[PDB]
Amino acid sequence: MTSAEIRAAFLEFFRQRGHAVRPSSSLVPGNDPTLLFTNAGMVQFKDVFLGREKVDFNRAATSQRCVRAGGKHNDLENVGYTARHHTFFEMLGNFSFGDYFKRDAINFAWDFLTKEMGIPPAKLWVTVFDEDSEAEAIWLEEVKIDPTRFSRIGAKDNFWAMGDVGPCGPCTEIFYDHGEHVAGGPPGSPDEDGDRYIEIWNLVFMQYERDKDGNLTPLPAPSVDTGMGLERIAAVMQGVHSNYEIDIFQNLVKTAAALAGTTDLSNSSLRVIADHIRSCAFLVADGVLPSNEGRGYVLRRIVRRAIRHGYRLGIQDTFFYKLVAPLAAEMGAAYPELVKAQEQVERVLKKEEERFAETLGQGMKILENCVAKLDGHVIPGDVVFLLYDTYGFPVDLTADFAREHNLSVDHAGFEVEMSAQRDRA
């Protein structure tokens, strides 16, 4: 089953159950100058959940484009290192605005995974907040799932809050078990962080409200916000362990491999490049341009990290913008604004890669020389600062190179150099 078929089936399943299918919001948040990029389906509905905005539907469903490259939800460093993390991904979500609550949300998700998608329950694993007896009863006594594939988890993973004040409540999560050929343990075990038991669907129950003085009260109309990664469930439905092996990435990875002259289609730097073109092209299409401040600098950082991975692969000629075309062919039916903006996106990414290529090769020679002469395992702060200040290397780009060689960078020493520079500038 293709990713496009899963996306369409998800939305139709919830439309049949009375959910208004709404378009994805932009990656640039409209009403939040404190959020870098839209990072969940919830973002555009935040004022509805708060009761600050009224809409003519009380349940909705979206496939929301998200980027997690900043804040605590920063998966940029996991890209290329796990089977399950992207910068750009689509979050399939259903929302209840004071309408249904835990019973329907749990039944909707279980019906979709086990009935519409036909996933064997023996491959699924469920977690609840360990103080949420309602969710546990619904799962164990109503749905009647296997209680040996069930974990009760504390507030760090399974209790959610919109902020210090505002709505909060427990969460329940559904995981897919990729089997004994993948390292890792089930949720709650010391090895839960492995790629074997992958979190597929997170259901948030807005149950309580905390006021400015800290009082907790019950929400007058409890609400639901859920989120499932399209790529992870597509991997499940296409029989592969890594998100990068699904249909949606095949043309991207093949094109990058051709541009690098390689047959190693599983190469981690090709996967990084395929991930980064998605976030970079969609970010530009949503109006972000490279810069040295704010949202433009996150875009600049990801673009330049993609260029460096091409350098690592031996690519000698401008290449990154050539992946906009297979991306738009693959995803343009779902995201026509990408097709409409394709030429402008290519021009922005070409220009940025050319700007960085002015200094990349010379900066890489310095780095390679540093590693060759290095006594310890830490690239020194003055070298990091030199690459940043003279060669346009973001610190995290240098650190990404370093980690490929089992090295770290001296972040504190770099910050000391920055402070010394501010005094001189």
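Each residue number is its position in the shown sequence, starting from 1.
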{"query": "Mean Cα B-factor comparison, 361-369 or 52-60, giving the higher one as deposited", "finding": "52-60"}
{"query": "Entry-level comparison of average CA B-factors, 147-155 and 305-313, reporting the higher stretch", "finding": "147-155"}
{"query": "Out of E354, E346, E180, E199, residue topping the C-alpha B-factor column of the entry", "finding": "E180"}
{"query": "Candidate residues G169, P290, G229, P220, the one whose C-alpha B factor the record puts highest", "finding": "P220"}
{"query": "Chain thirds of CA B-factor: placement of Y100", "finding": "middle"}
{"query": "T38 CA temperature factor, ranked by third within the chain", "finding": "middle"}
{"query": "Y335, C-alpha B-factor rank within chain (lowest, middle or highest third)", "finding": "highest"}
{"query": "Relative C-alpha B-factor of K72, binned into the chain's lowest, middle or highest third", "finding": "highest"}
{"query": "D213 by Cα B-factor - lowest, middle or highest third of the modelled chain", "finding": "highest"}
